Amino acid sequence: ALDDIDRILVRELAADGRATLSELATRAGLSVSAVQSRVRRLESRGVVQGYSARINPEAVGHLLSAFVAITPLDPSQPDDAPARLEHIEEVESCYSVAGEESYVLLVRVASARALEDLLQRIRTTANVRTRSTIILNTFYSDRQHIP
């Protein structure tokens, strides 16, 4: 249910999430009130899920980032795993995945020793084995595409 006007707003808000209603208005050719109300409607269906500053993880001390694939040590209860790892703050994302493993997390930590410690917390808190792939370099990311 997304018309061309909304297509223009989200593409803009993707590029600039601090875009102002007035800047948006003159870009879709609408009144600042038209825009405001459009934007909240986008927001309240779950088309826009929030706004975030995109922080440099190295600058705040996260020098090591890794993908960790996790699989149930044994898969008989439905899966707690996302729920119970929500309160580990160093886990940034959590996807279920088709194939041999069940979830893939992306994880951000200060150093190698801090990674080893974190893998222990993960193994123990969701009762899961882990396969780790360290990121050496991010070429670009969250480059959100609106068609």
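So that the term is clear: the rigid core is the largest set of C-alpha atoms that superpose within 1.5 Å between two forms. We number the residues from 1 along the sequence you see.
Chemist: Fitting on the rigid core only, I'd like to know which of the two stretches, 74-82 or 32-40, ends up farther away in Cα terms in 6 other deposited structures of this protein.
Modeler: Between 74-82 and 32-40, greater C-alpha deviation in 6 other deposited structures of this protein belongs to 74-82.
Chemist: Got a sec? Mean C-alpha B-factor, which is higher, 120-128 or 5-13?
Modeler: The recorded data point to 5-13.
Chemist: Per the record, averaged over C-alpha atoms, which has the higher B-factor: 27-35 or 95-103?
Modeler: Per the PDB record, 27-35.
Chemist: Tell me, lowest, middle or highest third: where does the Cα B factor of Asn56 rank within its chain?
Modeler: Ranked within chain, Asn56 CA B lands in the highest tercile.
Chemist: Divide the modelled residues of the chain into thirds by Cα B-factor and specify which third, lowest, middle or highest, holds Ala66.
Modeler: Lowest third of the chain for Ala66's C-alpha B-factor.
Chemist: Pull the Cα B-factor of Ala81 out of the PDB entry and bin it into the chain's lowest, middle or highest third.
Modeler: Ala81: CA B-factor falls in the highest third of its chain.
Chemist: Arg108's Cα B-factor: lowest, middle or highest third of the chain?
Modeler: Lowest third - that is where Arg108 ends up once the chain's C-alpha B-factors are sorted.
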